[PDB]
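# Just the starting chains for now, same placement as in the complex:
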Amino acid sequence: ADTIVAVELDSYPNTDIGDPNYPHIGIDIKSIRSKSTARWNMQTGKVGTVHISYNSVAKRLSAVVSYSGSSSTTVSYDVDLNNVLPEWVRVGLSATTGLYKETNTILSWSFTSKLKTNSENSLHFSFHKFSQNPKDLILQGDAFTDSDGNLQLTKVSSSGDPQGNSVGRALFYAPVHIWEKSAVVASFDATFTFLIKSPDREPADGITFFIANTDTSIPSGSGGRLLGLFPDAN
């Protein structure tokens, strides 16, 4: 199986796999059962921004979600990611719909990763517009770029309606080196902005930012509640 570290913006409460009974943000370490959650005050039709950071001295993964002029939600978890992840990884975003649905529109995505050895290596990307044929992104499943230059992670109809039972992802083309033998310290920071809309009072299922093995693929069975990240709910 893949090795997965994610931050979930989870809009649909699946109590049976341990979601709290409200939309929330989560830190996912090699499971869909979030190590740490916080109440997400979901605003449909409103553009949101998520920021994520981590470094290897502090060993705390953190995320904050907000909407313009509105309050913020934060989530943190103490974890040494270089004991969890392999040295080389790819970074990406995922989303799903299920029985219920929502547009999973990414308007922009940026990412910075640094590696210092005791003897600096660096990668940075930002997309504020996605191109119609994004050579620097590996698009998986249902994911596509639209005419407005937005990245849609899940299916929508020509008229704009989201569809159910969809899974999509986008990975940055280049692998990222997150730890080394002579390494002193590593860190990363990521930002995206997103637009989720639904014709459902209980929109579903959510969006993640994730880091994984370089050859990561959409696992069979990973639909709806599993956010296109895990083959099961263990």
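That came through fine. Numbering: from 1, shown residues only, chains lettered A, B, ... in the order given.
# before we move on, which element is the residue sitting nearest the centre point of chain A in?
The centre of chain A sits closest to residue A:209, judged by C-alpha atoms, centre = their mean, with a distance of 1.6 Å. Secondary structure from DSSP states H and E places residue A:209 in strand A:206-212.
# May I see the buried residues of that strand?
By 16 or more other C-beta atoms under 10 Å, the buried positions in strand A:206-212 come out as A:206, A:207, A:208, A:209, A:210, A:211, A:212. Every residue, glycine included, has its C-beta placed from N, CA and C.
# on that earlier part again, wait, what's in contact with the residue nearest to the centre of chain A?
Contact analysis of residue A:209 by C-beta atoms under 8 Å, 6 or more residues apart in numbering lists A:6, A:7, A:50, A:52, A:91, A:92, A:93, A:190, A:192.
# Could you grab the helix/strand/coil label for the fifth one?
Assigned state for residue A:91: strand (three-state reduction, DSSP: H, G, I helix; E, B strand; the rest coil).
# shouldn't it be in contact with residue A:189?
No - assessed by C-beta atoms under 8 Å, residue A:91 is found out of contact with residue A:189, at 11.1 Å.
# Mutual contacts of these two, please.
Taking C-beta under 8 Å, 6+ apart as the contact rule, residue A:91 and residue A:189 both touch residue A:111.
# Please say which of these two ends up with more neighbours.
Remark: of residue A:91 and residue A:189, residue A:91 carries more neighbours, 23 against 16, as counted by other C-beta atoms under 10 Å.
# I'd like the distance between that one and residue A:15.
30 Å (C-beta to C-beta, to the nearest Å).
# just residue A:212 next, same as before
Taking C-beta to C-beta, one finds residue A:212 at 27 Å from residue A:15.
# For chain A, which segments count as helices?
Here chain A has no helices by DSSP state H.
# Please name the bridge partners of the nearest residue to residue A:72 once chain neighbours are set aside.
Of all residues not flanking residue A:72 in the chain, residue A:66 sits nearest, at 4.4 Å (C-beta to C-beta, 6 or more residues apart in numbering). Applying DSSP bridges to residue A:66 gives these bridge partners: residue A:49, residue A:72.
# still on that earlier bit, got the buried residues of strand A:206-212 as TSV, with distance to residue A:162 columns?
Converted to TSV, the buried residues of strand A:206-212 look like this (distance: C-beta to C-beta, whole Å):
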residue	distance to residue A:162
A:206	13
A:207	12
A:208	17
A:209	20
A:210	21
A:211	26
A:212	25
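# throw chain B on there as well:
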Amino acid sequence: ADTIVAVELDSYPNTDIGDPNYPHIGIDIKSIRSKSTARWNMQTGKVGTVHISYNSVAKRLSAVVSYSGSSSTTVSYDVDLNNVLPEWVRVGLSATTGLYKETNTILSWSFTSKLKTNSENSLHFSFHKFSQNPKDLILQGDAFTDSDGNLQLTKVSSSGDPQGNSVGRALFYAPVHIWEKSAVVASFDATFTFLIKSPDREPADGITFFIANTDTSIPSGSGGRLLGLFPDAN
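Following on from the chains above, chain B is added here:
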């Protein structure tokens, strides 16, 4: 008095104010009595690098010191810096000597600060060479730039010998805005490289990176063990 947050590279153990009995790195929050220390494997005559980071969601200040090919030392402390510090600050480096002494040579210094509001603001500087008349630095006390483009925080003789009972600092000219009312998240990262040499088996006293009120000045009495940061040892 000033409001002070620092990371100390402390070479001289003053047990009476709570130093451990070995060189160490420390997180100083509004006292010289470090909230968190770690054993510093001091290497005199060897160039070292220190990296420091923090963000306001994670609320963990961290630092790591190393020398080329040699092992690392890390220190961390959970602290919400925006409850400790004022909104506007200046950043700087300090050093001292006392009865014992050491060169306190800074070879390079860099700093990045970010502020995001829910509606990004940014500052970055790096010096890999300091100029002979550094208009972008506020030099305090004994601090000067030499002909090699290094920043010497404390007195040295023309022949290169460090002198005792010296205090010096360098602040970045521009104030930094670290928190706001509508702010979502703030972070900073700082790096310097340093060269400490001594004709003493017990070199003294150390170097800090620090953040403080914008009108910060060398406090009277702040010499030797107080690292040019605090008027007393409380």
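# returning to that earlier point: CA-only coordinates of the strand holding residue A:209 in PDB, if you can.
What follows is strand A:206-212, C-alpha atoms only, in PDB (Å, rounded to 0.1, in the frame of the first residue of the first chain):
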ATOM      1  CA  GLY A 206     -13.800  16.800   1.400                       C
ATOM      2  CA  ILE A 207     -10.400  17.800   0.100                       C
ATOM      3  CA  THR A 208      -6.900  16.900   1.300                       C
ATOM      4  CA  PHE A 209      -3.400  18.100   1.000                       C
ATOM      5  CA  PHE A 210      -1.100  15.100   1.100                       C
ATOM      6  CA  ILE A 211       2.400  13.700   1.000                       C
ATOM      7  CA  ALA A 212       3.200  10.200  -0.100                       C
END
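# got a list of what residue A:194 touches?
Each residue near residue A:194 by C-beta atoms under 8 Å, 6 or more residues apart in numbering or on different chains is listed here: A:9, A:47, A:48, A:49, A:50, A:104, A:105, A:106, A:107, A:207.
# so the fourth one sits right up against residue A:192, yeah?
If I follow you right, that is residue A:49. Yes - Residue A:49 lies in contact with residue A:192 (C-beta under 8 Å); the separation is 7.4 Å.
# nearest residue to residue A:34 other than its sequence neighbours?
Of all residues not flanking residue A:34 in the chain, residue A:26 sits nearest, at 3.3 Å (C-beta to C-beta, 6 or more residues apart in numbering or on different chains).
# By neighbours, which of the contacts of residue A:194 wins?
Neighbour counts for the contacts of residue A:194, by other C-beta atoms under 10 Å in any protein chain shown, peak at residue A:104, which reaches 32 neighbours.
# so how far is residue A:170 from that residue?
11 Å.
# Common neighbours of the two, please.
Counting by C-beta under 8 Å, 6+ apart, the residues touching both residue A:104 and residue A:170 are residue A:153.
# Tell me how many other residues surround the nearest residue to the residue nearest to the centre of chain A once chain neighbours are set aside.
Distances taken as C-beta to C-beta, 6+ apart put residue A:7 closest to residue A:209, at 4.9 Å, once the chain neighbours are dropped. Other residues within reach of residue A:7, judged by other C-beta under 10 Å, total 26.
# got a list of what residue A:7 touches?
Contacts of residue A:7 (C-beta under 8 Å, 6+ apart): A:25, A:26, A:27, A:28, A:50, A:52, A:61, A:63, A:75, A:208, A:209, A:210.
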